[PDB]
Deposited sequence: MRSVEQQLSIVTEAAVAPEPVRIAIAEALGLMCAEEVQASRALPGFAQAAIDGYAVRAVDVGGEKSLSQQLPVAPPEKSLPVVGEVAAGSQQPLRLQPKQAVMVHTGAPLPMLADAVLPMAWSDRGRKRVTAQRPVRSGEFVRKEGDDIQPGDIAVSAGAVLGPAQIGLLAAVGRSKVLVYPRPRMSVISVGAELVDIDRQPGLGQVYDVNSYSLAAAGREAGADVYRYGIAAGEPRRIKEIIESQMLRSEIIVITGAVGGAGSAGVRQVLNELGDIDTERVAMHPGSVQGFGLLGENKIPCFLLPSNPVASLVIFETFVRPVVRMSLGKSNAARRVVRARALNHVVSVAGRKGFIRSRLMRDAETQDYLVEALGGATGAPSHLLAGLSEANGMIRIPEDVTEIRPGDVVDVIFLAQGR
């Protein structure tokens, strides 16, 4: 038997970081950028009128006056989205709408309110200087500007930013891929009708969901059945596409020796118990030439969720390379009696609450499948030597935040 801490070190040290991938920018939401992204186009890609008015050469409308102290033909009209090139000649105007592309060789927009507003010939009534009322090409982003840095989490604004500079794909740190497998001759799928000797496969659904909640990219393989040669094939196929593997029913007695022997042919398998309750019976192994973490969990659904919460979820967070998401631990007054095993750390699924008057934290232990899987939002963490918890005791509660 080893301690929870020793087991936690073993599994976390073996975590595999997923290979970076180039993906459609819509599919990068929430993922960490694995590259520096520089703009390739200028934004805006062309000089545009900042207002409604007349594209001009400033010098033709008072722009060259020494600051310390006749009409122009309107040779076109341009709305936003226009695609035909224009070229200003000297002493000409082009009437422009907000966003319209500036004619070539213009350098200013004369505001409509600073003109006589003439349709074919326009008169300036106030001067404008070169550059005024133009959104210059590249005013928002220039080619080579850093749009997104490696290490940044890609949210909606960054996805918008990637689209603005014409990037449709980006290199990201993908979610770690986890495959969830159930073995056991007694298992049937939940669309079946179980007979004598048969049990619904609960664990593949609950643990695939726990892996999704933890941030993994989960494939629920479901039941793996057959002679061990066929089961070896299944596990090998999941090793090809996984950073983490979870197998329930592989540990806990002689019935799983055939599967365990297959696992020892695929890698190094350790089945020493952890000094914890529930979940002392578990295993851990590294499969293949890349040593994929493979968690061997028991058929017990409550013990399996506790093992997943304690050891698998940390590896998912590390594999992910984003935040640690380490669970908050609060101190609470125990509402009811709990017993615990001397020498094992206890993990009791519980109800954490706030006292309506004191504002103190209260915890009600819930420990039978219904009570174990009923709605729990915390776990009392009982130290190895404590054997008894009385109402009023102050205990550690692992807060199991929703989602």
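Engineer: Which ranges of the deposited chain go unmodelled, in order along the sequence?
Structural biologist: In sequence order, the gaps with no modelled C-alpha are 70-77, 376-382, 419.
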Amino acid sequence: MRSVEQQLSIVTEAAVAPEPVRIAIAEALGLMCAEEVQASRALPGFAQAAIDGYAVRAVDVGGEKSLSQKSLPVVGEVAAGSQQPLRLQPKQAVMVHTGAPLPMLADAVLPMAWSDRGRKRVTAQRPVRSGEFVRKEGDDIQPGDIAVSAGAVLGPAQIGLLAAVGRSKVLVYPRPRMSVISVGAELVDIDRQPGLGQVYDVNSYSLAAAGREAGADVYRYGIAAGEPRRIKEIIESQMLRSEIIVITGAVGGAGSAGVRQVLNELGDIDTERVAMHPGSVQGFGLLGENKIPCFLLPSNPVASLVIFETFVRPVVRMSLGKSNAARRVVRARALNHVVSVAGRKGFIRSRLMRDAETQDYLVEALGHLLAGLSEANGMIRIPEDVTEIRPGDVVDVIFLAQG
From here on, numbers count along this sequence of modelled residues.
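Engineer: Which is higher on mean Cα B factor in this entry, 103-111 or 77-85?
Structural biologist: The deposited B-factors put 77-85 ahead on the C-alpha mean.
Engineer: On average, are the C-alpha B-factors higher in 138-146 or in 322-330?
Structural biologist: Looking at the recorded C-alpha B-factors, 322-330 comes out higher on average.
Engineer: Name the one of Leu287, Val246, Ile223, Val251 with the greatest CA B-factor according to the PDB entry.
Structural biologist: Largest recorded C-alpha B-factor: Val251.
Engineer: What third of its chain, lowest, middle or highest, does the C-alpha temperature factor of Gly30 fall into?
Structural biologist: Its C-alpha B-factor belongs to the lowest third of this chain's values.
Engineer: If you rank the chain by CA B-factor, which third does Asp60 end up in: lowest, middle or highest?
Structural biologist: Lowest third of the chain for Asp60's C-alpha B-factor.
Engineer: Determine, from the deposited record, the chain-internal third of the Cα B-factor for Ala356: lowest, middle or highest.
Structural biologist: Its C-alpha B-factor, which the entry lists for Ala356, ranks in the highest third among residues of this chain.
Engineer: For the chain shown, is the CA B-factor of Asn377 in the lowest, middle or highest third of its modelled residues?
Structural biologist: It belongs to the middle third of the chain when residues are ordered by C-alpha B-factor.
Engineer: In terms of the CA temperature factor given in the entry, to which third of its chain does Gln48 belong: lowest, middle or highest?
Structural biologist: CA B-factor rank for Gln48: middle third.
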